[PDB]
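Residue numbers (the numbering used here): 434 to 645.
Where a beta carbon is used, it is the ideal one built from N, C-alpha and C, also for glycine.
Heads up: the structure comes next, in structure tokens.
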């Protein structure tokens with residue numbers, strides 16, 4: 434169901450601080466190597482008047498290198514696929530909620546999402562677009578209520594050398610019964626490039642481990 438090379442299609446509807454936008458994107462993945470990239474176009478509400486980095490993690494835990502011996506919930510969910518919901522907290526009281534649906538068709542993941550971010554200070558690093566890159570992070574994966582949950586403590590590097598702290602909780606729901614993983618970790622390396630506020634690129638590598 435999940436071949437070695439895949440195409441990616443994205444649609445995102447969102448709102449940050451009352452500014453509405455839409456993003457389309459296309460890209461490619463090698464799911465077993467935990468690699469993916471995309472290029473995105475803002476088709477409504479461009480240029481984005483906030484940090485792209487608050488939505489880069491919106492645009493698939495199926496694209497993770499899983500070694501033998503940890504059950505892969507995400508890859509096993511296909512063909513039915515899976516959805517997820519995320520709560521995002523930030524140190525200055527900004528917050529956001531995300532819903533995403535991942536469908537598999539014709540060696541493509543079709544990823545549709547809705548993102549609401551609010552309560553970001555007008556003069557803060559998000560609304561002033563002063564963020565650089567997320568630091569590499571470690572998502573702790575646990576099982577409760579028959580589903581998978583992920584928790585991340587995250588740091589967004591800022592222009593001038595500070596950090597803007599975040600904490601992300603995600604609930605991941607398979608559309609069928611699958612073998613459940615033990616507690617494990619997913620290491621995430623995400624980069625944003627070529628961002629002019631109307632188009633931008635992203636890439637990620639993600640690997641699952643049993644310890645840290």
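Note to self: Quick check on DSSP: helix, strand or coil for residue 459?
What the structure shows: As a working note, residue 459 is residue 26 in the chain shown. Strand.
Notebook entry, point to check: What three-state label does DSSP hand residue 437 in the structure shown?
Noted result: Residue numbering aside, residue 437 sits at position 4 when the chain shown is read from its first letter. Residue 437 sits in coil when the DSSP states are folded into three classes, being neither helix nor strand.
Margin query: The alpha helix (DSSP H) that contains residue 605, what's its start and end?
Written below: Taking the first residue of the chain shown as 1, we reach residue 605 at position 172. Where residue 605 is concerned, there is no enclosing alpha helix (DSSP H), although the beta strand (DSSP E) it sits in stretches over 596-607.
Notebook entry, point to check: Straight-line CA distance for residue 448 to residue 603?
Noted result: Indexing the chain shown from 1 puts residue 448 at position 15. Indexing the chain shown from 1 puts residue 603 at position 170. The alpha-carbon atoms of residue 448 and residue 603 are separated by roughly 19 Å.
Margin query: Between the alpha carbons of residue 521 and residue 540, how many angstroms are there, rounded?
Written below: Reading the chain shown from its first residue, position 88 is the one you call residue 521. Reading the chain shown from its first residue, position 107 is the one you call residue 540. Taking the straight line from one Cα to the other gives about 30 Å.
Next item on the list: Would you tell me roughly how many angstroms separate the C-alpha atoms of residue 464 and residue 621, rounded to the nearest one?
Entry: On the chain shown, residue 464 is found 31 positions in, with the first residue counted as 1. On the chain shown, residue 621 is found 188 positions in, with the first residue counted as 1. Cα-Cα distance, rounded: 14 Å.
Notebook entry, point to check: Do residue 568 and residue 591 have their C-beta atoms closer together than 9 Å?
Noted result: Numbered from its first residue, the chain shown carries residue 568 at position 135. Numbered from its first residue, the chain shown carries residue 591 at position 158. For residue 568 and residue 591, no; Cβs fall outside 9 Å.
Notebook entry, point to check: Unbroken beta strand (DSSP E) runs of length 3 or more, entirely within the region 550-587: which are they?
Noted result: 564-567 and 570-577
Checklist line | Beta-carbon spacing of residue 443, residue 546 below 9 Å | finding: Position 10 of the chain shown, counting from 1, holds the residue named residue 443. Position 113 of the chain shown, counting from 1, holds the residue named residue 546. Between residue 443 and residue 546, the CB-CB gap stays under 9 Å.
Checklist line | Contact under 9 Å by Cβ, residue 548 with residue 575 | finding: Mapped onto the chain shown, residue 548 falls at position 115. Mapped onto the chain shown, residue 575 falls at position 142. Cβ distance not < 9 Å, so residue 548 and residue 575 don't count as in contact.
Notebook entry, point to check: Quick one: Cα of residue 440 to Cα of residue 534, how far?
Noted result: Mapped onto the chain shown, residue 440 falls at position 7. Mapped onto the chain shown, residue 534 falls at position 101. Those two C-alpha atoms are separated by around 16 Å.
Notebook entry, point to check: Mind checking whether the beta-carbon of residue 598 lies closer than 8 Å to any heavy atom of the ligand MG?
Noted result: This structure lacks the ligand MG; in fact it carries no ligand of any kind.
Next item on the list: Spell out the partners DSSP gives residue 485 in its beta bridges.
Entry: Counting from 1 along the chain shown, the entry for residue 485 is found at position 52. DSSP lists no partner for residue 485.
Note to self: So, does the region 479-490 touch the region 626-644, judging by three or more C-beta pairs under 8 Å?
What the structure shows: yes
Checklist line | residue 446 versus 560, 456, 438 and 437, residue with shortest Cα-Cα distance | finding: Along the chain shown, read from residue 1 onward, the residue named residue 446 stands at position 13. Closest option to residue 446, Cα to Cα, is 456.
Note to self: According to DSSP, residue 515 sits in a beta bridge with which residue or residues?
What the structure shows: What you label residue 515 is simply residue 82 of the chain shown in a count that begins at 1. Beta-bridge pairing links residue 515 to 535 and 607.
Margin query: With DSSP as the reference, identify every bridge partner of residue 472, one or two as the case may be.
Written below: Position 39 of the chain shown holds residue 472. The partner list for residue 472 (beta bridge, DSSP) reads 459 and 634.
Note to self: Within a Cβ cutoff of 7 Å, which residues of the same chain sit near residue 586, ignoring the five residues on either side of it in sequence?
What the structure shows: Stepping through the chain shown from its first residue, residue 586 is reached at position 153. Closer than 7 Å at the Cβ level, and outside the excluded window around residue 586, lie 600.
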